[PDB]
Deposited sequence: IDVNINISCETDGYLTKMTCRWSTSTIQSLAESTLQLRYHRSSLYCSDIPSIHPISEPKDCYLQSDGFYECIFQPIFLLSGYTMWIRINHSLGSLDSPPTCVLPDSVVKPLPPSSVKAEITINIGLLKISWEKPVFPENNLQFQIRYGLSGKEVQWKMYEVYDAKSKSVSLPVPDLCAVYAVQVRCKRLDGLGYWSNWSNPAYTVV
């Protein structure tokens, strides 16, 4: 009936949850541990303030956040009805911050593009152009050295990252770094 989705900031300071469509109130029950096999309404809960945003979604902020507590949430609808509950473990919905201090260097004598900046990374690089044409490379390691068709061209490079275990979100792509030779 009503879907609630959540994301934890890369500083681990808060979790932001969103939902959209009587009077309506998000309630939550925090576990001392995690999420059960099957989420349920619990008699003990607290309300959250949610605010309607211009995209038509309500947004609610949990700050600070208990990263390893299961938050079961639902919408209380006025008799009263409860929407189907869902449970989230905040540490699993982290969106990491982007890799920072991205550097892109061509060394002529070596003949490679050197890029530098537990996680996996994707790198994308292309001729600095217009709408750039991106090639993409994946690292499962700090710094990588790729071949390029042209050692004298200027390339734009971005890196993003995600948990090595595949849980959570990808970061945004870093601010573009530009090669120097």
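Taken in order along the deposited sequence, the stretches absent from the coordinates are 1-3, 25-32, 90-92, 132-139, 164-166.
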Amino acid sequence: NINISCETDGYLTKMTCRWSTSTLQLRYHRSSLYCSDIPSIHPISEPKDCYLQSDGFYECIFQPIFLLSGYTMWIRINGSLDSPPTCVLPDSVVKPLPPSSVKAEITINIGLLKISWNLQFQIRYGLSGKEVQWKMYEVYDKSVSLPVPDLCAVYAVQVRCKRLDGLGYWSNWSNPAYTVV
From here on, numbers count along this sequence of modelled residues.
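Averaged over their C-alpha atoms, the temperature factors of 131-139 and 145-153 are higher for 131-139.
Note on 101-109 vs 84-92: mean CA B-factor is higher in 101-109. In this structure the maximum Cα B-factor among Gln25, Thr16, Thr13, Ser22 is found at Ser22. Of the candidates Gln120, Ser31, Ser36, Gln53, the one whose C-alpha carries the top B factor in the deposited record is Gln53. Per-chain ranking of the deposited C-alpha B factor places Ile75 in the middle third.
Split the chain's modelled residues into thirds by C-alpha temperature factor. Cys6 is in the lowest one.
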